[PDB]
Visitor: 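Below is one structure. I have some questions about it.
Nothing fancy with the numbering, it's 1 onward along the sequence. Both backbone and side-chain heavy atoms feed into the values below; hydrogens, waters and symmetry mates do not.
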Amino acid sequence: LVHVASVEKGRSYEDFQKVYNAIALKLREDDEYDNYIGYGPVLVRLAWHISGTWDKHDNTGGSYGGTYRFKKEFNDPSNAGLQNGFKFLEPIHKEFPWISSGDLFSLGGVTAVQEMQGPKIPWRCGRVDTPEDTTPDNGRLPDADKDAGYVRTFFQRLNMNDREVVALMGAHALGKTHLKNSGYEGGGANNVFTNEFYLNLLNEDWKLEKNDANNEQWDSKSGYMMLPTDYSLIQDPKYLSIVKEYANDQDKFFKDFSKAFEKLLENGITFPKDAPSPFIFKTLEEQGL
Ligand code: HEM
Ligand SMILES: Nc1cccc[n+]1CCO
Ligand SMILES: Nc1cccc[n+]1CCO
């Protein structure tokens, strides 16, 4: 199954930078969401979940087809809460109706990471919307109540290795869990992209507790939480090494996250040899906007 990137007709970097800018300006404007976290984190999660359905064995799922717009996928229990991200992006899509749905969703994630002071994420256009019957079934996104072996195995389906898994998980510095979405209870409130997930894993005094949904999670007296799968990265000795690395090298963590996130967003897509080079968008701050 081959998905060839096809550039939205006549569009170039300047067009996509405007889209970026509209998302970034809305991020700035719609500040009260989720107790003043803003929409950055949920947009990152959205870009991950639209990509994380991919199966390297048959090239089903993945970001390309924009299939999150179809009820089967948007109603996936694993996607509960992401409707907020969608509603955020709908006015952007109405203003720029020419962008494909997979391009918009993945660009929303790029824009969110950058505007939250994360690394640059090169991004490529050309995802093309595919029909409802190409929507992957529910159940391809990961469970949070398991160990390191589950995590490793899960991510082989996405062609991610240990360093890529540990790097991508660093996005769990952002935002929070919400009991009514996932059964995890978060207070958390960060909307700045840093390497603190790793620092928190190593530094905090974690206690295995049960939340009000009767699920276990790891909590600290500082008010932080970790999912069991987040904690598994310090149980497994191969993941632990890499957690320590990223805790001790902000820059390394940035570059590794950038390449892993781009790869995640691009899995399943064939880029023609004549395709444009990846775009690196300027932040609002960089533009003086
Ligand atoms: C083992 C892998 C993963 C598991 C089990 C997992 C699980 C979860 C769960 C249960 C939540 C809370 C959802 C809610 O209650 O609203 C969450 C949130 C979040 N996840 Fe993950 N995740 C994983 C990997 C990733 C990856 C790879 C990324 C992106 C690179 C990501 C980005 C996020 C973000 C940014 C949030 C916060 C959303 C918000 O604040 O609304 N996660 N994840
Ligand atoms: N080690 C383990 C065993 C079972 C479920 C989850 N985890 C991960 C951390 O709590
Ligand atoms: N662990 C986790 C997972 C997802 C979002 C937030 N947090 C808390 C901060 O690390």
Side-chain angles (χ1 to χ4, degrees), residues 26-49 52 76-88 108-109 111-118 141-148 150-151 165-235 239-240 243-244 246-247 250 253-254 257 261:
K26 193 180 174 57
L27 283 169
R28 175 192 287 174
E29 198 49 47
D30 296 352
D31 66 311
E32 62 311 277
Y33 174 72
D34 192 7
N35 296 117
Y36 293 84
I37 293 169
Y39 282 91
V42 72
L43 294 180
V44 176
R45 183 166 214 251
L46 176 59
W48 141 237
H49 276 208
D76 185 351
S78 299
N79 291 336
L82 292 180
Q83 304 90 334
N84 290 300
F86 185 82
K87 290 185 174 83
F88 175 97
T111 305
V113 170
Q114 298 194 175
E115 292 297 305
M116 294 187 289
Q117 310 165 50
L141 291 160
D143 299 329
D145 63 336
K146 304 275 196 302
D147 63 20
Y150 171 83
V151 173
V165 166
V166 175
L168 282 170
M169 217 70 67
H172 283 178
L174 301 170
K176 67 180 178 190
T177 68
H178 307 85
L179 204 76
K180 290 294 217 179
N181 291 340
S182 63
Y184 295 95
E185 202 134 30
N190 174 236
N191 56 3
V192 182
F193 196 104
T194 71
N195 70 342
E196 69 169 314
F197 171 77
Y198 310 104
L199 293 156
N200 286 342
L201 279 169
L202 293 172
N203 292 348
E204 294 292 303
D205 186 11
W206 295 107
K207 306 301 187 196
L208 182 60
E209 299 187 330
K210 259 189 176 178
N211 69 32
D212 285 345
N214 205 32
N215 300 312
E216 292 192 312
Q217 62 180 68
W218 293 89
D219 299 324
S220 80
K221 197 204 175 195
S222 307
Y224 295 108
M225 64 79 76
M226 293 288 174
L227 303 163
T229 42
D230 287 330
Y231 197 81
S232 86
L233 303 184
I234 64 167
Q235 291 181 314
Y239 287 151
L240 177 62
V243 169
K244 292 175 177 171
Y246 295 150
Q250 290 179 280
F253 166 52
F254 272 29
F257 181 87
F261 195 61

Visitor: Taking the side chain as every heavy atom from C-beta outward, state whether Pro41 and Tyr33 have any pair of such atoms under 4.5 Å apart.
Guide: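 No, side chains not in contact.
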Visitor: Would you say the side-chain atoms of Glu185 pair up with the backbone N or O of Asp212, donor to acceptor, closer than 3.5 Å?
Guide: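 Flag set: sc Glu185 to bb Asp212 pair under 3.5 Å.
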Visitor: Around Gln235, counting heavy atoms of other residues, nucleotides and ligands shown, do more than 12 lie under 6.0 Å from its CD?
Guide: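 Counting neighbours around CD of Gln235, more than 12 heavy atoms of other residues, nucleotides or ligands fall under 6.0 Å, so yes.
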Visitor: side-chain contact (heavy atoms from CB on, under 4.5 Å) between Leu43 and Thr111: does it pass, once the steps are laid out?
Guide: CA-CA 9 Å; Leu43 294 180; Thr111 305; over 6 Å; no
Visitor: Minimum heavy-atom separation for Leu227 to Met225, with atom names?
Guide: CD2-CE, 3.8 Å
Visitor: Centre of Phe88's six-membered ring, under 6.0 Å away, within 45 degrees of the axis: is that where NZ or CZ of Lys26 sits?
Guide: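 Yes - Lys26 lies over the ring of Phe88, closer than 6.0 Å to its centre and within 45° of its axis.
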Visitor: Enter the distance from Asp230:CG to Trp206:CH2 here, rounded to the nearest 0.5 Å.
Guide: 8.5 Å
Visitor: Could you report the tightest heavy-atom contact between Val151 and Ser232, atom names first, then the distance?
Guide: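 Shortest heavy-atom contact: CG2-OG, 4.0 Å.
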Visitor: Can you tell me if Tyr198 uses its side chain to pair, donor with acceptor, with the backbone of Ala167 under 3.5 Å?
Guide: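 Judged by distance alone, yes, a pair lies under 3.5 Å.
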Visitor: Should we count CD of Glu29 as having more than 12 external heavy atoms under 6.0 Å?
Guide: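 12 or below, so no.
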Visitor: Looking at CG of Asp145 and CD of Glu216, how far apart are the two atoms once the value is rounded to the nearest 0.5 Å?
Guide: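 Result: 9.5 Å between the selected atoms.
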Visitor: Ignoring hydrogens and angles, tell me if any N or O in the side chain of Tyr231 forms a donor-acceptor pair with the backbone of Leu208 under 3.5 Å.
Guide: no
Visitor: For a quick test of reading the model, state the closest non-hydrogen atom pair linking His178 to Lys176 and the distance between them.
Guide: CE1-O, 3.3 Å
Visitor: From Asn190 CG over to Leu174 CG, what is the distance, rounded to the nearest 0.5 angstrom?
Guide: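 Answer for the CG-CG pair, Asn190 versus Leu174, is 6.0 Å.
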Visitor: Which atoms form the tightest heavy-atom contact between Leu199 and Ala247, and what is the distance?
Guide: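 Scanning both residues completely, I find the closest heavy atoms to be CD2-O, 3.5 Å.
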Visitor: Just wondering, are more than 12 heavy atoms of other shown residues or ligands nearer than 6.0 Å to CD in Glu209?
Guide: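 More than 12 heavy atoms, drawn from other residues, nucleotides or ligands, come within 6.0 Å of this atom.
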Visitor: What I'd like to find out is whether the side chain of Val44 reaches to under 4.5 Å of the side chain of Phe261, using heavy atoms alone.
Guide: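 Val44 reaches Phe261 side chain to side chain.
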Visitor: Is a donor on one side and an acceptor on the other found under 3.5 Å between the side chain of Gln114 and the backbone of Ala112?
Guide: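 Between the backbone of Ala112 and the side chain of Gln114 there is no qualifying donor-acceptor contact (under 3.5 Å).
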Visitor: Return yes when atom OH of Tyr224 has more than 12 non-hydrogen atoms of other residues, nucleotides or ligands closer than 6.0 Å, and no otherwise.
Guide: no
Visitor: Which distance, rounded to the nearest 0.5 Å, do you find between the CG of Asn79 and the CG of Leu141?
Guide: 5.5 Å
Visitor: One pair to check against side-chain contact (heavy atoms from CB on, under 4.5 Å): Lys221 and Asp205. What are the steps and the verdict?
Guide: CA-CA 7 Å; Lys221 197 204 175 195; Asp205 186 11; over 6 Å; no
Visitor: With a 3.5 Å distance limit and no angle check, can you tell me whether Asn211 reaches the backbone of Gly183 through a side-chain donor-acceptor pair?
Guide: yes
Visitor: Any chance the rings of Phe253 and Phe193 have centres within less than 6.0 Å?
Guide: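 Ring centroids of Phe253 and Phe193 are less than 6.0 Å from each other.
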Visitor: Just wondering, do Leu240 and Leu201 contact through their side chains at under 4.5 Å, heavy atoms?
Guide: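 They are not in contact (no side-chain heavy atoms under 4.5 Å apart), so the answer is no.
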Visitor: Shortest non-hydrogen contact from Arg45 to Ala80?
Guide: NH1-O, 4.1 Å
Visitor: Is it the case that the side chains of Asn215 and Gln217 hold a donor-acceptor pair, with the cut-off being a distance below 3.5 Å and no angle test?
Guide: no
Visitor: Looking at OG1 of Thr177 and CE of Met226, how far apart are the two atoms once the value is rounded to the nearest 0.5 Å?
Guide: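 One finds 11.0 Å between OG1 of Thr177 and CE of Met226.
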Visitor: Return the CG to CG distance between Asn84 and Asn181, rounded to the nearest 0.5 Å.
Guide: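 That separation rounds to 7.5 Å.
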Visitor: Classify the side-chain pair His49/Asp76 by whether it contains a donor and acceptor separated by less than 3.5 Å.
Guide: no
Visitor: What's the shortest heavy-atom distance between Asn195 and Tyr246, and which atoms?
Guide: ND2-O, 2.9 Å
